[PDB]
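Derivation of every value follows stated rules applied to the coordinates shown; laboratory data play no part. All Cβ positions, even for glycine, are placed from backbone atoms using ideal geometry, and neighbour counts span all protein chains on display.
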Ligand SMILES: CCCCCCCC/C=C\CCCCCCCC(=O)O[C@H](COC(=O)CCCCCCCCCCCCCCC)COP(=O)(O)OC[C@@H](O)CO
Ligand SMILES: CC(C)CCC[C@@H](C)[C@H]1CC[C@H]2[C@@H]3CC=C4C[C@@H](O)CC[C@]4(C)[C@H]3CC[C@]12C
Ligand SMILES: CCCCCCCCCC
Ligand SMILES: [Cl-]
């Protein structure tokens, strides 16, 4: 019985780490790729935008997507809500990367202790991602986003635009972070036996 | 509960840890290279490929 | 261009559901005594 116990624990820990790396990739992708919201057929003017970066069409029956925005320079971010959301998503990415670094502690530190460490860090990353996703719609009142989507757009109001893959992928990342955190807690309590 | 463990018994590992400080250099020989290598991978992929 | 993002939202959901299903399978493995 004990050998099966240890084998299942080891394998499930390996899968947990694999999915942790996958969630870190997801967090990096959503943080970088600017496809959180996008135009629609009824939108006055095309483009897309993410946490900080935004590309907007010139509006002459072509693309000419002029692009502007960078987390390094906070001046060009449209709104304070966007700045807060970008900072929270960055903090979540740093936290999950810290857990992937803390995987190195398995040589020396006790397995339960490091499992609880990454459990808490993944939970904190999930909380940060939740706050980022809840705060990001608050900045839709910005003049750039309103000029893009239209006058009907507003605070926590999608309007004419449509959410693109990055937003739903961030929500999926939130769910993944919660389940991975609980998984890490259960594994840490399970190694103790 | 899930494991019959109270909040403290299930979440915080405040039962051992500090005591393990003599092995601080032991962690750093693998913690620091991992963090730098991980930082480079996100840095270079972000600027070269993702954007 | 077809300015429709239904397809991309669709694929994003399939991958997300796959990942979540694998995680719930990990829970099925551990919680099973
Ligand atoms: C592209 C991004 C790449 C990012 C790079 C990620 C890599 C990050 C750096 C280092 C990883 C370090 C992993 C070392 C894991 C070593 C784990 C290990 O030592 O074996 C046992 C099982 O552990 C465990 O079940 C814990 C499981 C550890 C799982 C983590 C390592 C798997 C990495 C698989 C690679 C997948 C990549 C795929 C990405 C697409 C525990 O030992 P032990 O009883 O003696 O101790 C008891 C104690 O009292 C004294 O040590
Ligand atoms: C210490 C280890 C564990 C974590 C390191 C976190 C690293 C990868 C983080 C910290 C700050 C981050 C940067 C912060 C700001 C920007 C500007 C943005 O326009 C592109 C991404 C970029 C360039 C980030 C890339 C990733 C980054 C370098
Ligand atoms: C395919 C795009 C990958 C983006 C970088 C992933 C880094 C994951 C954490 C090391
Ligand atoms: Cl940038």
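The single residue among A:115, A:48 that is in a helix (DSSP H, G or I) and away from ligand 2 (no atom under 15 Å from the Cβ) turns out to be A:115. Only residues that are more than 12 Å from ligand 2 (Cβ to nearest atom) and under 29 Å from the mean Cα position of the chain (by Cα): list them for region A:58-68, please. Of everything in region A:58-68, those that are more than 12 Å from ligand 2 (Cβ to nearest atom) and under 29 Å from the mean Cα position of the chain (by Cα) turn out to be A:63, A:64, A:65, A:66. Looking at this structure, is residue B:47 part of a helix (DSSP H, G or I) and more than 15 Å from ligand 1 (Cβ to nearest atom)? In short, yes. Among the conditions (1) out of contact with any helix residue (DSSP H, G or I) (no Cβ under 8 Å at 6 or more places or on another chain); (2) part of a helix (DSSP H, G or I); (3) more than 16 Å from ligand 4 (Cβ to nearest atom), the only one that residue B:4 does not satisfy is (2). Screening residue A:108 against (1) farther than 26 Å from residue C:19 by Cα; (2) assigned to a helix (DSSP H, G or I); (3) away from chain C (no Cβ under 14 Å) leaves a single unmet condition, (2). Take region A:160-186 and flag every residue that is within 18 Å of residue C:3 (Cα to Cα) and more than 23 Å from the chain's Cα centre (by Cα). Once the filter is applied, which keeps residues that are within 18 Å of residue C:3 (Cα to Cα) and more than 23 Å from the chain's Cα centre (by Cα), region A:160-186 yields only A:160.
Of the candidates A:72, A:101, A:113, A:76, the single residue that is out of contact with any strand residue (DSSP E or B) (no Cβ under 8 Å at 6 or more places or on another chain) and either within 16 Å of ligand 4 (Cβ to nearest atom) or under 15 Å from residue A:170 (Cα atoms) (or both) is A:72.
Here is a yes/no grid of residues against (1) within 23 Å of the chain's Cα centre (by Cα); (2) more than 16 Å from ligand 3 (Cβ to nearest atom):
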site	(1), (2)
A:12	no, yes
A:21	yes, no
A:28	yes, no
A:41	no, yes
A:70	yes, yes
A:73	yes, yes
A:84	yes, yes
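Apart from one condition, residue A:134 fits all of (1) in contact with a helix residue (DSSP H, G or I) (Cβ under 8 Å, 6 or more places away or on another chain); (2) more than 11 Å from chain C (Cβ to nearest Cβ); (3) closer than 21 Å to residue A:85 by Cα; the exception is (1). Against the list (1) in contact with a strand residue (DSSP E or B) (Cβ under 8 Å, 6 or more places away or on another chain); (2) surrounded by 19 or more Cβ atoms within 10 Å (Cβ to Cβ), the condition residue A:16 fails is (1). Scanning region A:102-117 for residues that are surrounded by 21 or more Cβ atoms within 10 Å (Cβ to Cβ) and near ligand 1 (Cβ under 10 Å from one of its atoms) yields A:114, A:115.
Looking at residue A:24, is it within 16 Å of ligand 1 (Cβ to nearest atom), assigned to a helix (DSSP H, G or I), within 14 Å of chain B (Cβ to nearest Cβ) and crowded, with 20+ Cβ neighbours inside 10 Å? Answer is yes for this residue. Each residue in region A:127-159 was checked for being surrounded by 18 or more Cβ atoms within 10 Å (Cβ to Cβ) and assigned to a loop (DSSP other than H, G, I, E, B), and 3 of them qualify.
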